[PDB]
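Form deposited in one PDB entry, single chain, as structure tokens, below.
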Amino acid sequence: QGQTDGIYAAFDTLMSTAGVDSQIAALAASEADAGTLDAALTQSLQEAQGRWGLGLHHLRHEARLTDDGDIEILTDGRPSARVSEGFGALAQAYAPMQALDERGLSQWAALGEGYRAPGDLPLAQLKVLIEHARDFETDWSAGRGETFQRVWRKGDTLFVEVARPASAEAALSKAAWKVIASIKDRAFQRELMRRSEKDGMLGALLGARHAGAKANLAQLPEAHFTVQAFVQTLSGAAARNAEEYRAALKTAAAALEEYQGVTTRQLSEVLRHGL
């Protein structure tokens, strides 16, 4: 038996947690050769990995269509999960692959086994690496505004990663907190904050019905995946220029804040529409 096409909307919804607009349901109606879909699915998955912050830059990520219309997610050519299995299935397939420190930062090297420079490396020395080394990679270091950052290079491309780890459940809940906190009507704010004692911060925002809220509480991809990182890349000459590097670092930090605000804005709109 062959499955359905809700699979494509589900994948789009998964991608949206990473800040990626994949438009796979639309491409699916274009009736383009599977090759086109496999290419689009894989491209989107790779962007998503850049932002989820699981720390799997060393793995080969790909997604393909299957004989029964399913979407298969693979790492290093090994199947990890199918979208039809649910979002928790995928995040749980990924979890054993991670190596995290007590801050939630990946301890895997983007370039793989080898030497990594220390995170506290002064800019004066990092500039020498950028200008005159070939491949190199640094460890995490503290950044501005409670972020963490690292840089590495592979071949022609320089990668600047800025991260602020958060569990999906806590990012989601904190987003609901921000929606409630930024209310001007003290009475309405108080009513919502009291409702959350029994319904939860998110359920208090009244997504829909009682069971409908459950449908929007435990199976949501936002409860399994969230934006923890942003990766900004430079190529060619730009990849060996310290000024371009600094600019990319500022860009990555700014983009990180923007993408970590999506859940708050979305829940804010939900509350607006619920009134």
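In case it trips you up, residue 1 is the first one in the sequence shown, and so on. For clarity, a rigid core is taken as the largest C-alpha set superposing within 1.5 Å between two forms.
Omission of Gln219 is seen in a third or more of the other entries compared for this protein where the adjacent residues are built. In at least a third of the other PDB entries of this protein that model the residues around it, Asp185 has no coordinates. Taking the mean C-alpha B-factor of each stretch as recorded, 174-182 and 83-91 are not equal, and the higher mean is that of 174-182. Comparing 37-45 with 52-60, the higher mean C-alpha B-factor in the PDB entry belongs to 37-45. Of the residues listed, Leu206, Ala229, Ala247, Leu234, the entry assigns the biggest Cα temperature factor to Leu206. For the set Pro118, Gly155, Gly200, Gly104, the PDB entry puts the maximum C-alpha B factor at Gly200. Residue-level temperature factors show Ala218 in the highest third of its chain, judged at the C-alpha atom.
For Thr13, the recorded CA B-factor ranks within the highest third of the chain. Only modelled residues enter the ranking. Among all modelled residues in this chain, the alpha-carbon of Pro96 has a temperature factor (C-alpha) in the lowest third. The deposited CA B-factor of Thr251 belongs to the lowest third of values across its chain.
When all modelled residues of the chain are sorted by CA temperature factor, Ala142 is found within the lowest third.
The form deposited in another entry is left out here; the points below concern that form.
With the core held fixed by superposition, the comparison between this form and the one not shown singles out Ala181 as the only member of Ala133, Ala181, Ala95, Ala142 whose CA moves by at least 2 angstroms. A movement of the C-alpha atom of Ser84 falling short of 2 angstroms is seen between this form and the one not shown when the two forms are aligned on their rigid core. In a rigid-core overlay of the protein, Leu202 has its C-alpha displaced by at least 2 Å between this form and the one not shown. Positional change of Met15 between this form and the one not shown stays under 2 Å at the C-alpha, relative to the superposed core. Panel note: the distance between the CA atoms of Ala253 and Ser182 is larger in the other form than in this form, the difference being 3 Å or more. An increase of at least 3 Å in the separation of the C-alpha atoms of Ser182 and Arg144 is found in the other form, compared with the displayed form.
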